[PDB]
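Participant: As input, take query29.tsv (TSV, C-alpha atoms):
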```tsv
chain	number	residue	atom	x	y	z
Z	1062	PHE	CA	47.08	92.19	46.62
Z	1063	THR	CA	49.61	89.32	46.60
Z	1064	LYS	CA	48.83	87.77	43.21
Z	1065	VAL	CA	51.68	87.95	40.69
Z	1066	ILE	CA	54.57	85.61	41.52
Z	1067	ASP	CA	58.28	86.37	41.07
Z	1068	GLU	CA	57.75	90.10	40.53
Z	1069	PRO	CA	61.01	91.78	41.61
Z	1070	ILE	CA	60.97	94.02	44.67
Z	1071	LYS	CA	62.17	96.82	42.40
Z	1072	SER	CA	59.12	96.39	40.17
Z	1073	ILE	CA	56.64	96.12	43.05
Z	1074	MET	CA	57.90	99.14	44.96
Z	1075	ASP	CA	58.33	101.22	41.80
Z	1076	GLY	CA	54.76	100.36	40.83
Z	1077	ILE	CA	53.46	101.52	44.21
Z	1078	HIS	CA	55.57	104.68	44.07
Z	1079	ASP	CA	54.48	105.59	40.54
Z	1080	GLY	CA	50.86	104.94	41.49
Z	1081	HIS	CA	51.18	107.38	44.38
Z	1082	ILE	CA	53.02	109.88	42.17
Z	1083	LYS	CA	50.40	109.69	39.41
Z	1084	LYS	CA	47.50	110.10	41.83
Z	1085	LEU	CA	49.18	113.03	43.59
Z	1086	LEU	CA	49.97	114.65	40.24
Z	1087	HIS	CA	46.38	114.24	39.05
Z	1088	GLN	CA	44.85	115.57	42.26
Z	1089	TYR	CA	47.10	118.32	43.67
Z	1090	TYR	CA	49.19	119.28	40.60
Z	1091	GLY	CA	46.83	118.73	37.67
Z	1092	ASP	CA	48.87	116.17	35.71
Z	1093	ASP	CA	51.82	118.51	35.19
Z	1094	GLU	CA	55.30	117.49	36.32
Z	1095	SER	CA	56.53	121.06	35.79
Z	1096	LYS	CA	54.54	122.05	38.89
Z	1097	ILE	CA	56.74	119.74	40.99
Z	1098	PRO	CA	59.39	121.73	42.92
Z	1099	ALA	CA	62.98	120.81	42.11
Z	1100	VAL	CA	65.95	120.61	44.48
Z	1101	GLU	CA	69.57	119.66	43.86
Z	1102	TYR	CA	69.26	116.68	46.21
Z	1103	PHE	CA	66.33	115.27	48.21
Z	1104	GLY	CA	67.07	113.95	51.68
Z	1105	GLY	CA	68.76	114.58	54.99
Z	1106	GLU	CA	66.10	117.02	56.23
Z	1107	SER	CA	65.29	116.37	59.88
Z	1108	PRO	CA	61.58	116.14	60.81
Z	1109	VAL	CA	62.11	118.77	63.52
Z	1122	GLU	CA	73.34	137.06	50.54
Z	1123	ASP	CA	75.88	136.72	47.73
Z	1124	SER	CA	78.78	137.95	49.92
Z	1125	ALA	CA	78.46	137.12	53.62
Z	1126	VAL	CA	80.80	137.27	56.62
Z	1127	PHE	CA	79.98	135.20	59.72
Z	1128	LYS	CA	81.84	135.26	63.04
Z	1129	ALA	CA	81.79	132.47	65.62
Z	1130	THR	CA	81.77	133.32	69.34
Z	1131	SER	CA	81.75	131.27	72.53
Z	1132	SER	CA	77.97	131.67	72.96
Z	1133	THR	CA	77.08	131.20	69.27
Z	1134	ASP	CA	74.58	128.41	68.66
Z	1135	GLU	CA	76.11	125.63	66.58
Z	1136	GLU	CA	72.90	124.67	64.77
Z	1137	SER	CA	72.18	128.28	63.78
Z	1138	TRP	CA	75.82	128.70	62.72
Z	1139	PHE	CA	75.65	125.66	60.45
Z	1140	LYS	CA	72.27	126.71	59.04
Z	1141	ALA	CA	73.67	130.15	58.20
Z	1142	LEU	CA	76.76	128.65	56.55
Z	1143	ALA	CA	74.60	126.20	54.58
Z	1144	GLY	CA	72.23	128.90	53.34
Z	1145	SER	CA	68.67	128.68	52.11
Z	1146	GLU	CA	69.15	127.18	48.65
Z	1147	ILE	CA	69.75	123.42	48.45
Z	1148	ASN	CA	73.17	122.61	46.99
Z	1149	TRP	CA	76.58	121.13	47.75
Z	1150	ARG	CA	77.11	123.83	50.39
Z	1151	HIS	CA	73.83	122.82	52.04
Z	1152	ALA	CA	74.92	119.18	52.08
Z	1153	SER	CA	78.40	120.04	53.35
Z	1154	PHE	CA	77.16	122.16	56.25
Z	1155	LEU	CA	74.06	120.14	57.23
Z	1156	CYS	CA	74.64	116.51	56.23
Z	1157	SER	CA	75.60	114.69	59.42
Z	1158	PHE	CA	77.51	111.85	57.72
Z	1159	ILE	CA	79.69	111.46	54.65
Z	1160	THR	CA	80.28	108.30	52.63
Z	1161	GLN	CA	83.66	106.58	52.89
Z	1162	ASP	CA	84.70	103.86	50.42
Z	1163	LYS	CA	81.57	102.02	51.53
Z	1164	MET	CA	81.20	103.27	55.12
Z	1165	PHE	CA	79.50	106.15	56.94
Z	1166	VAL	CA	81.49	108.58	59.10
Z	1167	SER	CA	80.92	111.99	60.66
Z	1168	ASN	CA	81.06	115.02	58.39
Z	1169	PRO	CA	84.62	116.43	58.29
Z	1170	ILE	CA	83.33	119.75	56.96
Z	1171	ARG	CA	81.08	120.14	60.00
Z	1172	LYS	CA	83.85	119.02	62.37
Z	1173	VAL	CA	86.27	121.53	60.84
Z	1174	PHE	CA	83.74	124.39	60.72
Z	1175	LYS	CA	82.58	123.74	64.29
Z	1176	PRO	CA	82.13	127.27	65.70
Z	1177	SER	CA	84.61	128.71	68.19
Z	1178	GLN	CA	85.87	132.12	69.24
Z	1179	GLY	CA	87.98	133.80	66.56
Z	1180	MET	CA	86.62	131.96	63.51
Z	1181	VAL	CA	85.55	134.14	60.57
Z	1182	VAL	CA	83.86	132.55	57.55
Z	1183	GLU	CA	83.60	134.54	54.31
Z	1184	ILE	CA	81.15	133.13	51.74
Z	1185	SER	CA	81.57	134.59	48.25
Z	1186	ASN	CA	79.18	134.06	45.34
Z	1187	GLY	CA	76.68	132.32	47.60
Z	1188	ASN	CA	73.89	132.77	45.06
Z	1189	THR	CA	75.85	130.87	42.39
Z	1190	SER	CA	76.47	127.35	43.69
Z	1191	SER	CA	79.06	126.61	41.00
Z	1192	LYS	CA	81.22	129.63	41.90
Z	1193	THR	CA	80.45	129.66	45.64
Z	1194	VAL	CA	83.56	129.70	47.85
Z	1195	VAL	CA	83.67	129.47	51.66
Z	1196	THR	CA	86.85	130.67	53.37
Z	1197	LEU	CA	87.35	130.02	57.09
Z	1198	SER	CA	90.07	132.07	58.81
Z	1199	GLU	CA	91.36	131.77	62.38
Z	1200	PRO	CA	93.98	133.70	64.39
Z	1201	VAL	CA	97.38	132.30	63.38
Z	1202	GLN	CA	100.48	133.85	64.95
Z	1203	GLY	CA	98.28	136.68	66.19
I	567	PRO	CA	51.98	114.84	51.03
I	568	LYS	CA	53.60	116.52	48.05
I	569	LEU	CA	55.82	115.76	45.07
I	570	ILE	CA	59.46	116.78	44.59
I	571	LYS	CA	62.20	116.01	42.08
I	572	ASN	CA	66.00	116.06	41.91
I	573	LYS	CA	68.42	116.98	39.12
I	574	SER	CA	68.13	113.49	37.62
I	575	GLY	CA	64.36	114.03	37.34
I	576	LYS	CA	63.35	111.18	39.65
I	577	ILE	CA	59.99	112.04	41.20
I	578	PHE	CA	59.90	111.51	44.97
I	579	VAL	CA	56.81	111.60	47.19
I	580	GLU	CA	57.84	114.45	49.50
I	581	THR	CA	56.63	113.32	52.92
I	582	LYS	CA	58.26	113.69	56.35
I	583	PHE	CA	59.78	110.19	56.41
I	584	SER	CA	60.89	110.52	52.78
I	585	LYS	CA	62.47	113.91	53.49
I	586	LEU	CA	64.44	112.44	56.39
I	587	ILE	CA	65.63	109.29	54.59
I	588	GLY	CA	66.19	110.76	51.12
I	589	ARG	CA	64.16	107.94	49.59
I	590	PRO	CA	60.53	107.11	48.80
I	591	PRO	CA	58.24	106.74	51.86
I	592	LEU	CA	57.92	102.96	51.44
I	593	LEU	CA	59.90	100.39	53.43
I	594	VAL	CA	60.17	96.61	53.72
I	595	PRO	CA	59.95	95.83	57.46
I	596	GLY	CA	62.11	93.27	59.19
I	597	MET	CA	60.65	89.86	58.38
I	598	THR	CA	61.89	86.55	59.75
I	599	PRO	CA	62.88	84.65	57.54
I	600	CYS	CA	62.18	86.88	54.51
I	601	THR	CA	64.46	89.85	55.20
I	602	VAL	CA	66.97	87.54	56.90
I	603	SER	CA	68.44	86.83	53.47
I	604	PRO	CA	71.29	89.28	52.71
I	605	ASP	CA	70.42	88.96	49.02
I	606	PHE	CA	66.88	90.29	49.45
I	607	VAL	CA	67.98	93.16	51.70
I	608	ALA	CA	70.69	94.13	49.21
I	609	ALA	CA	68.23	93.87	46.31
I	610	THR	CA	65.70	96.14	48.01
I	611	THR	CA	68.42	98.65	48.92
I	612	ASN	CA	69.66	98.65	45.32
I	613	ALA	CA	66.06	99.17	44.19
I	614	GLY	CA	66.16	102.25	46.42
I	615	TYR	CA	63.66	101.41	49.15
I	616	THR	CA	64.22	101.16	52.89
I	617	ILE	CA	64.58	97.63	54.25
I	618	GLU	CA	65.40	96.10	57.63
I	619	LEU	CA	67.73	93.11	57.98
I	620	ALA	CA	65.83	90.98	60.48
I	621	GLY	CA	67.93	89.43	63.22
I	622	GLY	CA	65.43	86.63	63.82
I	623	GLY	CA	67.30	84.23	61.57
I	624	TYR	CA	70.60	85.12	63.27
I	625	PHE	CA	71.44	83.75	66.72
I	626	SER	CA	75.00	85.08	67.04
I	627	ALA	CA	76.82	88.36	66.59
I	628	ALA	CA	79.25	86.62	64.23
I	629	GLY	CA	76.40	85.41	62.03
I	630	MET	CA	74.72	88.81	61.92
I	631	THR	CA	78.07	90.47	61.19
I	632	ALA	CA	78.66	88.08	58.29
I	633	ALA	CA	75.18	88.87	56.96
I	634	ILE	CA	75.76	92.62	57.31
I	635	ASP	CA	79.10	92.36	55.52
I	636	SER	CA	77.40	90.42	52.72
I	637	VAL	CA	74.73	93.13	52.43
I	638	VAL	CA	77.39	95.85	52.36
I	639	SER	CA	79.33	94.02	49.64
I	640	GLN	CA	76.15	93.51	47.59
I	641	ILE	CA	74.82	97.09	47.83
I	642	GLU	CA	76.21	100.08	45.95
I	643	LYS	CA	78.32	102.92	47.31
I	644	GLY	CA	76.50	105.24	49.70
I	645	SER	CA	73.60	102.81	50.16
I	646	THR	CA	72.01	102.15	53.54
I	647	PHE	CA	69.75	99.68	55.32
I	648	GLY	CA	68.31	99.16	58.79
I	649	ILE	CA	68.39	96.32	61.31
I	650	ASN	CA	65.31	94.84	62.99
I	651	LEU	CA	65.37	93.29	66.47
I	652	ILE	CA	62.72	91.60	68.60
I	653	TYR	CA	62.27	92.93	72.14
I	654	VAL	CA	60.68	89.78	73.61
I	655	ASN	CA	63.98	87.83	73.80
I	656	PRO	CA	66.61	89.58	75.98
I	657	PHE	CA	69.38	87.40	74.52
I	658	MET	CA	68.70	88.88	71.08
I	659	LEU	CA	69.12	92.40	72.42
I	660	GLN	CA	72.19	91.53	74.48
I	661	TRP	CA	74.10	90.23	71.46
I	662	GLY	CA	72.61	92.70	68.95
I	663	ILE	CA	72.74	96.14	70.56
I	664	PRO	CA	76.51	95.93	71.31
I	665	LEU	CA	76.99	94.64	67.77
I	666	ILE	CA	75.07	97.59	66.33
I	667	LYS	CA	77.11	99.99	68.45
I	668	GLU	CA	80.37	98.38	67.32
I	669	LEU	CA	79.38	98.38	63.65
I	670	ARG	CA	78.31	102.03	63.87
I	671	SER	CA	81.66	102.81	65.52
I	672	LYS	CA	83.33	101.17	62.52
I	673	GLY	CA	80.99	103.29	60.37
I	674	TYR	CA	78.66	100.65	58.96
I	675	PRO	CA	75.65	101.83	56.90
I	676	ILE	CA	73.10	100.96	59.59
I	677	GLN	CA	70.66	103.80	58.99
I	678	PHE	CA	68.27	102.74	61.74
I	679	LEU	CA	67.30	100.12	64.30
I	680	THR	CA	63.69	98.91	64.41
I	681	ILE	CA	62.37	97.34	67.62
I	682	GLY	CA	59.41	95.01	67.16
I	683	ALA	CA	57.18	92.97	69.48
I	684	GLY	CA	57.54	95.54	72.25
I	685	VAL	CA	58.43	99.18	72.95
I	686	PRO	CA	61.63	99.61	75.01
I	687	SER	CA	61.41	101.48	78.29
I	688	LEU	CA	62.50	105.11	78.43
I	689	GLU	CA	65.97	104.26	79.76
I	690	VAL	CA	66.59	101.52	77.18
I	691	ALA	CA	65.35	103.72	74.33
I	692	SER	CA	67.58	106.57	75.51
I	693	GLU	CA	70.56	104.22	75.66
I	694	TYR	CA	69.89	103.05	72.10
I	695	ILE	CA	69.42	106.60	70.81
I	696	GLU	CA	72.61	107.88	72.45
I	697	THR	CA	75.02	104.95	72.10
I	698	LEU	CA	74.11	103.54	68.70
I	699	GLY	CA	74.29	106.90	66.93
I	700	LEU	CA	71.71	105.94	64.32
I	701	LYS	CA	69.89	108.29	61.96
I	702	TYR	CA	66.53	107.37	63.48
I	703	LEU	CA	64.95	104.75	65.74
I	704	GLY	CA	62.00	102.66	64.57
I	705	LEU	CA	59.48	101.36	67.09
I	706	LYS	CA	56.54	99.04	66.39
I	707	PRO	CA	53.95	99.77	69.10
I	708	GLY	CA	51.00	97.41	69.36
```
In structure tokens, what does this structure look like?
Facilitator:
Amino acid sequence: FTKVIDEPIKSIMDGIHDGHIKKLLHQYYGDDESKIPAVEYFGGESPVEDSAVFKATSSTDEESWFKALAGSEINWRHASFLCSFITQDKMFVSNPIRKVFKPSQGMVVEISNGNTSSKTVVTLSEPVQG
Amino acid sequence: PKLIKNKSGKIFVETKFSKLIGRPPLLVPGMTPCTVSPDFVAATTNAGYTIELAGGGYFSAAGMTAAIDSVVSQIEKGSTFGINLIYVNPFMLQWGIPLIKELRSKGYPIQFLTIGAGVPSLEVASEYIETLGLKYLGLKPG
């Protein structure tokens, strides 16, 4: 298959990807892109309620806590509470949202307008001065 | 395998590897001397396809660091690439694995480490997985 010379890597890989996409669309979607599911962003998925109030305890499981805070629908909240790394100026560092929202006794997280991603607000409260 | 799309409308082949990496399930493996070039690695990453900077053309941590810095300068913001190392030469590992750990400590976009020409033992693989703090570990069994 190595015939055409000086074809850019972009062109070669895009050709392979569009070939796979076209064949998959023809076979298991019926040549209809509307049948393709849509998500806000695609990536970061490991191979392995409008108004909600969550409480963190000593024995609470951190992964379940972060999954609950992220929610089911894929959005900025999902990325904030499940993406392991954030992008610095050009560098990759741990997720400050996850580090801040790490569960512990006394933390109460109130998620308002969870259904609407645009208006969703997550408020974490801790015991301060009692 | 399935198909998925994002807000921009780009059609992705939803498959386990693609879901993990947030990119199409096609990658350019570490190739000495082909992927040695920082320009080619940066070009593939800008194209949006996984690629491994092969260490075979680098014999020193300083040289590989210069190449990685060149790749980082050439790629766009938020981009990522892997590093490929050969297991048959212990010198390669001795100068590369500490370098990968140091660059990941600095926060470099080293998405993964691929090990070719041999599968590391359980202890060595565990040490890589724990210390390097990579997104995933590639292994090329024979």
Participant: At a cut-off of 6 Å, list the chain I residues touching chain Z, using all atoms listed in the file, as a ChimeraX atom specification.
Facilitator: /I:569-573,585-588,613,643-644,673-675
Participant: Mind dumping the selected residues with C-alpha atoms as a PDB file, in the coordinates of the input?
Facilitator:
```
ATOM      1  CA  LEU I 569      55.820 115.760  45.070  1.00  0.00           C
ATOM      2  CA  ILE I 570      59.460 116.780  44.590  1.00  0.00           C
ATOM      3  CA  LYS I 571      62.200 116.010  42.080  1.00  0.00           C
ATOM      4  CA  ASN I 572      66.000 116.060  41.910  1.00  0.00           C
ATOM      5  CA  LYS I 573      68.420 116.980  39.120  1.00  0.00           C
ATOM      6  CA  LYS I 585      62.470 113.910  53.490  1.00  0.00           C
ATOM      7  CA  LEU I 586      64.440 112.440  56.390  1.00  0.00           C
ATOM      8  CA  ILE I 587      65.630 109.290  54.590  1.00  0.00           C
ATOM      9  CA  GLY I 588      66.190 110.760  51.120  1.00  0.00           C
ATOM     10  CA  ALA I 613      66.060  99.170  44.190  1.00  0.00           C
ATOM     11  CA  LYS I 643      78.320 102.920  47.310  1.00  0.00           C
ATOM     12  CA  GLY I 644      76.500 105.240  49.700  1.00  0.00           C
ATOM     13  CA  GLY I 673      80.990 103.290  60.370  1.00  0.00           C
ATOM     14  CA  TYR I 674      78.660 100.650  58.960  1.00  0.00           C
ATOM     15  CA  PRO I 675      75.650 101.830  56.900  1.00  0.00           C
TER      16      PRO I 675
END
```
Participant: Can you work out which one of Z:1177, Z:1168, Z:1188, Z:1133 has the shortest atom-to-atom distance to residue 1148 in chain Z, counting all atoms listed in the file?
Facilitator: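 Comparing Z:1177, Z:1168, Z:1188, Z:1133 against residue 1148 in chain Z, the winner is Z:1188.
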Participant: Choose the residue, out of I:680, I:671, I:650, I:574, that has the smallest atom-to-atom separation from residue 601 in chain I; count all atoms listed in the file.
Facilitator: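 Under the stated criterion, the closest residue is I:650.
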Participant: Within 10 Å of residue 1200 in chain Z, counting all atoms listed in the file, which residues show up once you throw out same-chain ones fewer than 3 positions away? Write them as an MDAnalysis selection string, please.
Facilitator: chainID Z and resid 1178:1181 1203
Participant: Please, what distance in Å, to one decimal, runs between CA of residue 1174 in chain Z and CA of residue 695 in chain I?
Facilitator: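 We find that CA of residue 1174 in chain Z and CA of residue 695 in chain I lie 25.0 Å from each other.
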Participant: Taking all atoms of range 1138-1147 of chain Z that the file lists, what box with edges along x, y and z, padded by 6 Å per side, do you get, with centre and edge lengths in Å to one decimal, as JSON?
Facilitator:
```
{"center_x": 72.7, "center_y": 126.8, "center_z": 55.6, "size_x": 20.1, "size_y": 18.7, "size_z": 26.3}
```
Participant: Counting all atoms listed in the file, select every polymer residue within 10 Å of (74.6, 119.5, 47.8) as defined in the file's coordinates, and provide the selection as an NGL selection string.
Facilitator: :Z and (1100-1103 or 1143 or 1146-1156 or 1190)
